[PDB]
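One file, entry29.cif, carrying mmCIF, C-alpha atoms:
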```
data_work
loop_
_atom_site.label_atom_id
_atom_site.label_comp_id
_atom_site.auth_asym_id
_atom_site.auth_seq_id
_atom_site.Cartn_x
_atom_site.Cartn_y
_atom_site.Cartn_z
CA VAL A 1 -0.58 -25.66 -8.85
CA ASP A 2 -0.05 -25.40 -12.62
CA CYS A 3 3.69 -24.65 -12.99
CA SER A 4 3.73 -25.89 -16.66
CA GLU A 5 4.81 -22.43 -17.91
CA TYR A 6 7.78 -21.93 -15.51
CA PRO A 7 10.54 -20.94 -14.87
CA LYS A 8 9.50 -17.31 -15.41
CA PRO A 9 11.86 -14.34 -15.19
CA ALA A 10 9.20 -11.77 -14.16
CA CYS A 11 6.48 -12.16 -11.53
CA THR A 12 3.68 -9.98 -10.23
CA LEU A 13 4.37 -8.73 -6.67
CA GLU A 14 1.34 -9.74 -4.60
CA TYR A 15 1.85 -11.38 -1.19
CA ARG A 16 -0.24 -14.55 -1.37
CA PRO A 17 1.42 -17.02 0.97
CA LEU A 18 1.63 -20.74 0.08
CA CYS A 19 2.92 -23.53 2.29
CA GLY A 20 5.22 -26.00 0.48
CA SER A 21 5.76 -29.74 1.18
CA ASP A 22 9.23 -28.66 2.40
CA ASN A 23 7.62 -26.73 5.33
CA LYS A 24 8.58 -23.31 3.89
CA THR A 25 6.21 -20.42 3.19
CA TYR A 26 6.44 -19.13 -0.37
CA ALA A 27 5.42 -15.48 -0.84
CA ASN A 28 3.22 -16.12 -3.98
CA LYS A 29 2.52 -18.53 -6.92
CA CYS A 30 5.43 -17.23 -9.00
CA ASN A 31 7.93 -17.75 -6.15
CA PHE A 32 6.46 -21.18 -5.41
CA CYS A 33 6.64 -22.29 -9.07
CA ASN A 34 10.25 -21.14 -9.56
CA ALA A 35 11.03 -23.06 -6.30
CA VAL A 36 9.26 -26.12 -7.78
CA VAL A 37 11.59 -25.80 -10.83
CA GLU A 38 14.54 -25.45 -8.40
CA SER A 39 13.62 -28.58 -6.40
CA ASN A 40 13.68 -30.62 -9.65
CA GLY A 41 9.89 -30.80 -9.24
CA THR A 42 9.88 -32.60 -5.84
CA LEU A 43 8.20 -29.61 -4.12
CA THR A 44 4.39 -29.74 -3.83
CA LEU A 45 1.72 -27.50 -2.23
CA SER A 46 0.78 -28.50 1.32
CA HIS A 47 -1.82 -25.76 1.79
CA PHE A 48 -2.83 -22.22 1.00
CA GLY A 49 -1.58 -19.58 3.44
CA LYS A 50 1.47 -19.48 5.70
CA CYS A 51 3.08 -22.65 7.02
CA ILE B 1 -3.62 5.30 5.24
CA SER B 2 -1.53 6.64 2.33
CA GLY B 3 0.44 5.42 -0.71
CA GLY B 4 2.58 2.35 -0.05
CA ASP B 5 0.60 1.21 3.03
CA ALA B 6 -0.58 -2.38 3.56
CA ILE B 7 -3.99 -3.35 2.18
CA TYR B 8 -5.47 -6.80 2.66
CA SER B 9 -7.76 -8.83 0.44
CA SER B 10 -9.23 -12.17 1.52
CA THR B 11 -6.18 -14.01 0.12
CA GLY B 12 -3.20 -11.76 0.77
CA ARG B 13 -1.62 -8.36 0.96
CA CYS B 14 -0.76 -5.68 -1.60
CA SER B 15 -0.01 -1.96 -1.26
CA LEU B 16 -2.10 1.13 -1.59
CA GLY B 17 -1.19 3.10 -4.73
CA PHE B 18 -2.54 6.62 -4.41
CA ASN B 19 -5.58 8.09 -2.69
CA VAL B 20 -7.83 9.65 -5.32
CA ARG B 21 -11.21 11.26 -5.67
CA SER B 22 -14.00 12.20 -8.10
CA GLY B 23 -16.18 14.98 -6.68
CA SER B 24 -16.81 13.98 -3.07
CA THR B 25 -16.21 10.22 -3.61
CA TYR B 26 -12.89 8.86 -2.35
CA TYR B 27 -11.07 5.85 -3.71
CA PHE B 28 -7.59 4.35 -3.79
CA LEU B 29 -5.75 2.99 -6.87
CA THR B 30 -3.84 -0.30 -6.66
CA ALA B 31 -2.62 -3.00 -9.08
CA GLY B 32 -5.18 -4.68 -11.35
CA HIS B 33 -3.76 -8.13 -10.51
CA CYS B 34 -4.57 -7.36 -6.86
CA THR B 35 -8.13 -6.15 -7.57
CA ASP B 36 -8.81 -9.03 -10.07
CA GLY B 37 -11.18 -11.42 -8.26
CA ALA B 38 -11.08 -9.39 -4.99
CA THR B 39 -14.19 -7.70 -3.64
CA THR B 40 -13.57 -6.33 -0.17
CA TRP B 41 -10.40 -4.73 1.18
CA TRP B 42 -9.31 -4.44 4.83
CA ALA B 43 -6.79 -2.24 6.63
CA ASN B 44 -5.45 -5.02 8.88
CA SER B 45 -4.33 -8.67 8.67
CA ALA B 46 -7.16 -9.64 11.07
CA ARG B 47 -9.63 -8.45 8.35
CA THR B 48 -11.76 -6.76 11.03
CA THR B 49 -11.35 -3.19 9.73
CA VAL B 50 -12.92 -2.69 6.28
CA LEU B 51 -11.41 -0.18 3.86
CA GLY B 52 -13.87 -0.52 1.01
CA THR B 53 -14.89 -2.44 -2.05
CA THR B 54 -13.35 -3.07 -5.47
CA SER B 55 -14.94 -0.77 -8.02
CA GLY B 56 -12.85 -1.60 -11.08
CA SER B 57 -9.98 -3.70 -12.35
CA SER B 58 -7.88 -3.87 -15.59
CA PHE B 59 -5.54 -6.84 -15.66
CA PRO B 60 -4.07 -8.09 -18.02
CA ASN B 61 -3.05 -5.66 -20.80
CA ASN B 62 -2.81 -2.96 -18.19
CA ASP B 63 -2.30 -3.38 -14.42
CA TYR B 64 -4.56 -1.00 -12.43
CA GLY B 65 -7.65 -1.17 -10.24
CA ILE B 66 -9.64 1.03 -7.94
CA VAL B 67 -11.28 0.55 -4.57
CA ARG B 68 -14.08 2.71 -3.26
CA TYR B 69 -13.76 3.71 0.37
CA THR B 70 -16.64 2.67 2.64
CA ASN B 71 -14.84 3.43 5.95
CA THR B 72 -15.52 7.04 6.98
CA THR B 73 -13.14 6.88 10.01
CA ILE B 74 -9.84 5.94 8.41
CA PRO B 75 -7.71 8.95 7.32
CA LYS B 76 -7.19 9.06 3.55
CA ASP B 77 -3.95 11.06 3.21
CA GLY B 78 -3.16 12.53 -0.22
CA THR B 79 0.45 11.46 0.24
CA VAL B 80 2.97 8.65 -0.08
CA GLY B 81 4.08 8.30 3.55
CA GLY B 82 5.44 11.73 4.45
CA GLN B 83 5.61 12.93 0.83
CA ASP B 84 2.77 15.19 -0.33
CA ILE B 85 1.33 14.28 -3.77
CA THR B 86 -0.15 17.26 -5.62
CA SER B 87 -0.13 16.23 -9.33
CA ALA B 88 0.28 13.33 -11.80
CA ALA B 89 2.80 13.19 -14.61
CA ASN B 90 4.01 10.87 -17.32
CA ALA B 91 7.29 8.96 -16.79
CA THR B 92 10.36 9.92 -18.82
CA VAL B 93 13.59 7.94 -19.29
CA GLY B 94 16.14 8.93 -16.61
CA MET B 95 13.45 10.44 -14.34
CA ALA B 96 14.29 10.38 -10.60
CA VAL B 97 11.69 8.12 -8.97
CA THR B 98 10.81 6.53 -5.63
CA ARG B 99 8.65 3.45 -4.96
CA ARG B 100 6.94 2.69 -1.63
CA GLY B 101 5.38 -0.67 -0.73
CA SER B 102 4.12 -2.51 2.32
CA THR B 103 6.94 -5.12 2.32
CA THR B 104 10.08 -3.15 1.58
CA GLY B 105 9.18 0.48 2.42
CA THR B 106 10.73 3.32 0.38
CA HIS B 107 13.30 2.76 -2.41
CA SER B 108 14.69 5.31 -4.91
CA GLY B 109 16.23 5.00 -8.36
CA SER B 110 15.41 5.91 -11.93
CA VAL B 111 13.24 5.14 -14.95
CA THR B 112 15.35 3.03 -17.32
CA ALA B 113 12.87 2.41 -20.15
CA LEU B 114 9.32 3.15 -21.30
CA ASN B 115 6.74 1.01 -23.09
CA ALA B 116 7.98 -2.36 -21.82
CA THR B 117 5.99 -5.49 -22.60
CA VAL B 118 5.97 -7.91 -19.67
CA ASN B 119 4.77 -11.46 -20.06
CA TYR B 120 3.76 -12.89 -16.67
CA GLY B 121 2.66 -16.13 -18.39
CA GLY B 122 -0.72 -17.83 -18.94
CA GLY B 123 -2.01 -15.07 -21.23
CA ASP B 124 -1.22 -12.37 -18.63
CA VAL B 125 0.71 -9.94 -20.84
CA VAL B 126 0.90 -6.26 -19.87
CA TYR B 127 1.80 -3.57 -22.39
CA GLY B 128 3.21 -0.07 -22.09
CA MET B 129 4.95 -0.50 -18.78
CA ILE B 130 7.48 1.79 -17.11
CA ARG B 131 10.76 0.00 -16.36
CA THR B 132 12.96 1.01 -13.42
CA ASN B 133 16.06 -0.12 -11.56
CA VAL B 134 14.23 0.00 -8.18
CA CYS B 135 13.88 -3.39 -6.35
CA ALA B 136 10.59 -4.70 -4.94
CA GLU B 137 9.34 -7.83 -3.22
CA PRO B 138 6.01 -9.68 -2.80
CA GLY B 139 3.46 -7.46 -1.06
CA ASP B 140 4.80 -4.35 -2.85
CA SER B 141 2.33 -4.72 -5.78
CA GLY B 142 0.08 -1.73 -6.25
CA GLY B 143 2.49 0.67 -4.40
CA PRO B 144 3.18 4.13 -5.83
CA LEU B 145 6.00 5.24 -8.06
CA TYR B 146 6.37 8.98 -7.54
CA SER B 147 8.83 11.81 -8.25
CA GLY B 148 8.62 14.43 -5.53
CA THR B 149 5.06 15.71 -5.48
CA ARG B 150 4.18 13.98 -8.81
CA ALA B 151 2.36 10.57 -9.00
CA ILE B 152 3.88 8.45 -11.83
CA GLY B 153 2.96 4.77 -11.57
CA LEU B 154 1.68 1.71 -9.76
CA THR B 155 3.90 -1.31 -8.94
CA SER B 156 3.12 -4.28 -11.23
CA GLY B 157 5.91 -6.81 -11.21
CA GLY B 158 9.59 -7.43 -11.55
CA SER B 159 12.58 -9.64 -11.16
CA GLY B 160 15.11 -9.94 -8.35
CA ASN B 161 14.62 -8.61 -4.82
CA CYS B 162 15.87 -5.93 -2.40
CA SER B 163 18.92 -7.98 -1.25
CA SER B 164 20.71 -8.62 -4.57
CA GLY B 165 18.79 -5.96 -6.53
CA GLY B 166 16.23 -6.18 -9.26
CA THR B 167 14.14 -4.54 -11.97
CA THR B 168 10.55 -3.43 -11.41
CA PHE B 169 7.76 -2.53 -13.86
CA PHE B 170 4.98 0.00 -13.27
CA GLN B 171 1.56 0.81 -14.73
CA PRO B 172 1.50 4.53 -15.75
CA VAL B 173 -0.83 6.19 -13.28
CA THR B 174 -2.24 8.73 -15.74
CA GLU B 175 -3.98 5.88 -17.61
CA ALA B 176 -5.62 4.70 -14.34
CA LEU B 177 -6.73 8.27 -13.48
CA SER B 178 -8.26 8.72 -17.00
CA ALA B 179 -9.98 5.31 -16.86
CA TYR B 180 -11.94 6.15 -13.71
CA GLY B 181 -12.20 9.95 -14.01
CA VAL B 182 -10.44 10.41 -10.70
CA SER B 183 -7.65 12.77 -9.61
CA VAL B 184 -4.91 12.67 -7.03
CA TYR B 185 -5.31 15.11 -4.17
#
```

Could you rewrite the structure in this file as structure tokens?
Amino acid sequence: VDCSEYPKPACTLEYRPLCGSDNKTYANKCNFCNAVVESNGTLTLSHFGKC
Amino acid sequence: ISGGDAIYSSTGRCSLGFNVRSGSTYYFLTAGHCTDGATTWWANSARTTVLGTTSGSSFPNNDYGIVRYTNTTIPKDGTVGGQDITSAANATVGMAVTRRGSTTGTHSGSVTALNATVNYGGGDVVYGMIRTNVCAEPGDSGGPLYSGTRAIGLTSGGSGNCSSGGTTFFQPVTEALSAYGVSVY
């Protein structure tokens, strides 16, 4: 995932689940990318869809 | 199926905006970021019940799209849940509004600003947006903003959530209706 433009204050509101390397389901790209910023970039994408 | 209800693409879930028509042809409006790249829409997470097919999409710059119904069986209520919709109107600052979406249900508040520019990043800038104090969460995109019997907008994006509160932005529905020559019913 390209998070090179985050953190972003405003996100679109689609539900597009992503499964992180932390075993948590992120609701969409914008939530995932802000969570990548929050993890100090340790978080990666395990797969597309729910964990 | 009516405004705020779950709709499912091949990759996720958004919300139905309003049911609309042109002559005898029925459609629904939703967000343009939902319709962008999507073809088929389903009524269920199993993707075994087809709703219809994407007929148009305008994202960025705006945030609206339209899906033509192909399913003759599914009811196409001219409502947002129990609320009858009978006209469309432009948003005004202070207007009493309600949003419905497939994640958070029905939430009420007010229009705080008009003509907001919202930069989602990567060249995805939307102009002319309605700003409100109503919260929303992922899956709510595309859901109606309405004021009684009047359709006002379609859920685009926001900040925050329905636990601590937030700010949500909406595509004026009149622009979507004009684009496709459709009307609420």

- Message: Counting all atoms listed in the file, a student should be able to say which residues of chain B come within 6 Å of chain A; what is the right answer, written as a list in words?
- Response: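 Result, ordered by chain then number: residues 12, 13, 14, 120, 138, 139, 140, 141, 156, 157, 158 and 159 of chain B.
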
- Pairwise distance for CA of residue 100 (chain B) and CA of residue 134 (chain B), rounded to one decimal in Å: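 Between CA of residue 100 (chain B) and CA of residue 134 (chain B) the gap is 10.2 Å.
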
- Test item: which residues lie within 7 Å of (3.2, 17.0, -3.4) counting all atoms listed in the file, as a VMD selection string: chain B and resid 83 to 87 148 to 150

Apply the PyMOL selection byres ((chain B and resi 111) around 9) to the structure shown and report the selected residues as a PDB file with C-alpha atoms, in the coordinates of the input.
```pdb
ATOM      1  CA  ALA B  91       7.290   8.960 -16.790  1.00  0.00           C
ATOM      2  CA  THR B  92      10.360   9.920 -18.820  1.00  0.00           C
ATOM      3  CA  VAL B  93      13.590   7.940 -19.290  1.00  0.00           C
ATOM      4  CA  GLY B  94      16.140   8.930 -16.610  1.00  0.00           C
ATOM      5  CA  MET B  95      13.450  10.440 -14.340  1.00  0.00           C
ATOM      6  CA  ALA B  96      14.290  10.380 -10.600  1.00  0.00           C
ATOM      7  CA  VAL B  97      11.690   8.120  -8.970  1.00  0.00           C
ATOM      8  CA  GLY B 109      16.230   5.000  -8.360  1.00  0.00           C
ATOM      9  CA  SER B 110      15.410   5.910 -11.930  1.00  0.00           C
ATOM     10  CA  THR B 112      15.350   3.030 -17.320  1.00  0.00           C
ATOM     11  CA  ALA B 113      12.870   2.410 -20.150  1.00  0.00           C
ATOM     12  CA  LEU B 114       9.320   3.150 -21.300  1.00  0.00           C
ATOM     13  CA  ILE B 130       7.480   1.790 -17.110  1.00  0.00           C
ATOM     14  CA  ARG B 131      10.760   0.000 -16.360  1.00  0.00           C
ATOM     15  CA  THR B 132      12.960   1.010 -13.420  1.00  0.00           C
ATOM     16  CA  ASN B 133      16.060  -0.120 -11.560  1.00  0.00           C
ATOM     17  CA  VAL B 134      14.230   0.000  -8.180  1.00  0.00           C
TER      18      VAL B 134
END
```

- Query: Written as a PyMOL selection string, what is the full residue list that the PyMOL selection byres ((chain B and resi 172) around 10) yields on the file shown?
  - Reply: chain B and resi 62-64+88-91+114-115+128-130+145+151-155+169-171+173-177

Using the chain letters and residue numbers of this document, give as a PDB file with C-alpha atoms, keeping the file's coordinate frame the residues selected by the PyMOL selection byres ((chain A and resi 47) around 12).
```
ATOM      1  CA  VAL A   1      -0.580 -25.660  -8.850  1.00  0.00           C
ATOM      2  CA  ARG A  16      -0.240 -14.550  -1.370  1.00  0.00           C
ATOM      3  CA  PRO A  17       1.420 -17.020   0.970  1.00  0.00           C
ATOM      4  CA  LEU A  18       1.630 -20.740   0.080  1.00  0.00           C
ATOM      5  CA  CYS A  19       2.920 -23.530   2.290  1.00  0.00           C
ATOM      6  CA  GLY A  20       5.220 -26.000   0.480  1.00  0.00           C
ATOM      7  CA  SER A  21       5.760 -29.740   1.180  1.00  0.00           C
ATOM      8  CA  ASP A  22       9.230 -28.660   2.400  1.00  0.00           C
ATOM      9  CA  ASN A  23       7.620 -26.730   5.330  1.00  0.00           C
ATOM     10  CA  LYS A  24       8.580 -23.310   3.890  1.00  0.00           C
ATOM     11  CA  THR A  25       6.210 -20.420   3.190  1.00  0.00           C
ATOM     12  CA  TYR A  26       6.440 -19.130  -0.370  1.00  0.00           C
ATOM     13  CA  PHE A  32       6.460 -21.180  -5.410  1.00  0.00           C
ATOM     14  CA  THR A  44       4.390 -29.740  -3.830  1.00  0.00           C
ATOM     15  CA  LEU A  45       1.720 -27.500  -2.230  1.00  0.00           C
ATOM     16  CA  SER A  46       0.780 -28.500   1.320  1.00  0.00           C
ATOM     17  CA  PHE A  48      -2.830 -22.220   1.000  1.00  0.00           C
ATOM     18  CA  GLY A  49      -1.580 -19.580   3.440  1.00  0.00           C
ATOM     19  CA  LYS A  50       1.470 -19.480   5.700  1.00  0.00           C
ATOM     20  CA  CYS A  51       3.080 -22.650   7.020  1.00  0.00           C
TER      21      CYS A  51
END
```

Show me, as CSV, the residues of region 51-126 of chain B having an atom within 9 Å of region 16-37 of chain B, each with the closest atom pair and its distance in Å, using only C-alpha atoms.
```
residue,atom,partner,partner_atom,distance
B:52,CA,B:27,CA,8.4
B:54,CA,B:35,CA,6.4
B:55,CA,B:35,CA,8.7
B:56,CA,B:35,CA,7.4
B:57,CA,B:32,CA,5.0
B:58,CA,B:32,CA,5.1
B:59,CA,B:32,CA,4.8
B:60,CA,B:33,CA,7.5
B:62,CA,B:32,CA,7.4
B:63,CA,B:32,CA,4.4
B:64,CA,B:32,CA,3.9
B:65,CA,B:32,CA,4.4
B:66,CA,B:29,CA,4.5
B:67,CA,B:28,CA,5.4
B:68,CA,B:27,CA,4.4
B:69,CA,B:27,CA,5.3
B:70,CA,B:26,CA,8.8
B:76,CA,B:19,CA,6.5
B:77,CA,B:19,CA,6.8
B:78,CA,B:19,CA,5.6
B:79,CA,B:18,CA,7.3
B:80,CA,B:18,CA,7.3
B:85,CA,B:18,CA,8.6
B:100,CA,B:17,CA,8.7
B:101,CA,B:16,CA,7.7
B:102,CA,B:16,CA,8.2
```

- Note on the structure: Of B:161, B:7, B:15, B:72, the one sitting nearest residue 45 (chain B) when using only C-alpha atoms is B:7

- Message: Ranking B:1, B:47, B:61, B:184 by minimum distance to residue 125 (chain B) and counting all atoms listed in the file, which one comes first?
- Response: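 Closest candidate: B:61.
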
- CA of residue 6 (chain B) to CA of residue 178 (chain B): how many Å, to one decimal?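 So the two atoms, CA of residue 6 (chain B) and CA of residue 178 (chain B), lie 24.6 Å apart.
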